[PDB]
Amino acid sequence: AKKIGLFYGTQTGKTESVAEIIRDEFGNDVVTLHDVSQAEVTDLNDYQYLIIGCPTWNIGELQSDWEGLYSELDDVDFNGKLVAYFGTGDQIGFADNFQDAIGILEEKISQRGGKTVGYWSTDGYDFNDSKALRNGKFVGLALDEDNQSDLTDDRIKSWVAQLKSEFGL
Ligand SMILES: Cc1cc2nc3c(=O)[nH]c(=O)nc-3n(C[C@H](O)[C@H](O)[C@H](O)COP(=O)(O)O)c2cc1C
């Protein structure tokens with residue numbers, strides 16, 4: 001009815017499109033979408049299950065709107081919440097900072113108490129470095145519409161089935 005809050009930020013809409021797919025994969029009224037460009041850090045307190053969507057830009061930078069909300073995280077609490085992350089990036093043009101955005105967001109949110117779920121395998125990706133890594137895996141679903149648009153849909157399906165399990169749905 002109302003359990004998972006998906007807060008996303010997007011520059012050219014790729015991340016938003018993925019967010020809508022994620023929503024449809026979860027089932028009737030489970031997930032609600034929220035453009036962080038119109039959100040206050042306190043909106044995240046209304047959910048015990050969160051999905052953070054954010055593309056990486058300008059070589060390792062958080063998407064514009066997320067950058068603004070990011071600064072307010074240090075004053076909020078995420079303890080007791082399960083948080084998953086996903087983002088669009090470009091492993092070819094920016095192999096050294098692939099998906100840094102979700103890595104940055106995850107570090108901060110986990111630091112504030114959020115427990116991360118939804119770890120994703122790096123197998124099948126071609127990149128050099130990322131701030132979104134932990135124990136050999138991405139801290140969230142890594143999508144690449146610029147180079148692997150053909151893999152996004154099945155990657156989302158797999159990830160949602162994984163989260164349905166990890167969220168205990
Ligand atoms: C100037 C510029 C810088 C970019 N930098 C990065 C980067 O550092 N890391 C990454 O993974 N992708 C990077 N990208 C690729 C975007 O993340 C990718 O195209 C993404 O799908 C955009 O999603 P959005 O439309 O949701 O903003 C960059 C793209 C441009 C045009």
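Residues numbered from 1 in each chain as written, not as in the entry; some residues may be left out. Heavy atoms only, no water.

### Quick look at the overall build of the chain
- Helix and strand counts for the chain come out as four helices and 11 strands.
- Radius of gyration (C-alpha) of the chain: 14 Å, near the 15 Å computed for a compact globule of 169 residues.
- By its C-alpha atoms, the chain is 35 × 30 × 30 Å across when sized along the principal axes.
- Residue burial in the chain is summarised as follows: out of 169 residues, 49% are buried.
- Mean positive and mean negative side-chain charge positions of the chain (14 and 31 charges, respectively) differ by 8 Å. (Helix = DSSP H or I, 4+ residues; strand = E, 2+ residues; numbered from the N terminus. Rg over C-alpha atoms; globule rule 2.2 N^0.38 Å. Buried < 20%, exposed > 50% of the residue type's maximum accessible area, 1.4 Å probe, protein only. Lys, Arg positive; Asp, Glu negative; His and termini not counted. Charge placed at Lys NZ, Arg CZ, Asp CG, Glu CD.)

### Describing the packing of helix α2 (residues 64–73) against helix α3 (residues 100–111)
- Across the interface, α2 lies against α3 with an axial gap of 10 Å and an inter-helix angle of 20°. Judged by the angle between their axes, α2 and α3 are roughly parallel. The two elements α2 and α3 meet at a crossing, and its hand is left-handed. Only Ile-104, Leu-105, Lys-108 and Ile-109 of α3 make contact with α2, whose side of the interface consists of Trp-66, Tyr-70 and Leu-73.
- Broken down by class, the residue content of the contact of α2 with α3 amounts to six nonpolar, no polar and one charged. (Axes fitted to C-alpha atoms, helices over the stretch in contact; angles between N-to-C directions. Parallel < 35°, antiparallel > 145°, perpendicular 65-115°, else oblique. Left-handed = near helix turned anticlockwise from the far one by under 90°. Contact = heavy atoms within 4.5 Å. Nonpolar A, V, L, I, M, F, W, Y, C, P; charged D, E, K, R; others polar.)

### A few points about the nonpolar core
- Grouped together as the largest cluster of nonpolar side chains are 50 residues, with contacts concentrated most on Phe-7, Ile-22, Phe-26, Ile-51, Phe-86, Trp-159 and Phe-167.
- Those elements that place two or more of their residues in this core are β1 (4–8), α1 (14–26), β3 (49–53), α2, β6 (82–88), α3, β11 (141–143) and α4 (149–166).
- Apart from residues no more than four positions distant in its own chain, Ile-51 is found in contact with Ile-4, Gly-5, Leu-6, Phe-7, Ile-22, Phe-26, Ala-84, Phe-86, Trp-159, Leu-163 and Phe-167. (Core = buried A, V, L, I, M, F, W, Y, C linked by side-chain atoms within 4.5 Å.)

### So, the UniProt feature "domain: Flavodoxin-like" in the chain
- Sequence positions flagged by UniProt for "domain: Flavodoxin-like" are, in local numbering, residues 4–164.
- From the first C-alpha to the last, residues 4–164 spans 11 Å; its make-up is 32% helix and 23% strand. (UniProt positions renumbered as here; feature names shortened; annotations may be inferred.)

### A closer look at the environment of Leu-163
- Within the secondary structure layout, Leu-163 lies in helix α4.
- Expressed as a C-alpha distance, the spacing of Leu-163 and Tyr-119, which sit 44 residues apart in the sequence, is 9.5 Å.
- Sequence-distant contacts of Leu-163, defined by excluding residues within four places in its chain, comprise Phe-26, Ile-51, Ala-84, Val-117, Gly-118 and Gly-168.

### Here we look at the site of the ligand
- With respect to spatial proximity, 20 residues lie near the ligand, and among them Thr-10, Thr-12, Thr-15, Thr-56 and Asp-146 are the closest.
- Backbone polar atom of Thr-15 to an oxygen atom of the ligand: 2.8 Å apart, as the coordinates give it.
- Side-chain polar atom of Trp-57 to an oxygen atom of the ligand: 2.8 Å apart, as the coordinates give it.
- When the ligand sits alone it has 650 Å² of accessible area, and the protein chains cover 84% of it.
- Elements with a minimum of two residues in the shell around the ligand: α1 and β4 (56–57).
- Class assignment for the residues of the shell around the ligand results in five nonpolar, 12 polar and three charged. (Near = heavy atom within 4 Å. Polar contact = N/O pair within 3.5 Å; in protein donor to acceptor, adjacent residues only side chain to side chain. Areas by Shrake-Rupley, 256 points an atom, 1.4 Å probe, with all protein chains shown as cover.)

### A short note on unusual backbone geometry
- Positive phi, close to 50°, is recorded for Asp-29, a residue that is not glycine.
- Positionally, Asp-29 belongs in the loop between α1 and β2 (31–35).
- A relative accessible area of 52% places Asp-29 in the exposed class.
- Backbone geometry places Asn-135, a non-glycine residue, at a positive phi of 55°.
- Along the polypeptide, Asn-135 turns up in the loop between β9 (133–134) and β10 (137–138).

### Considerations on a negative patch on the surface
- Negative charge collects at one region of the surface, where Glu-40, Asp-46, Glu-72 and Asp-75 lie side by side.
- Note on placement: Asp-75 falls in the loop between α2 and β6. (Patch = residues over 30% accessible without salt bridge, like charges linked within 9 Å, V, L, I, M, F, W, Y side chains within 5 Å. Salt bridge = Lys/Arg side-chain N within 4 Å of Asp/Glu carboxyl O.)

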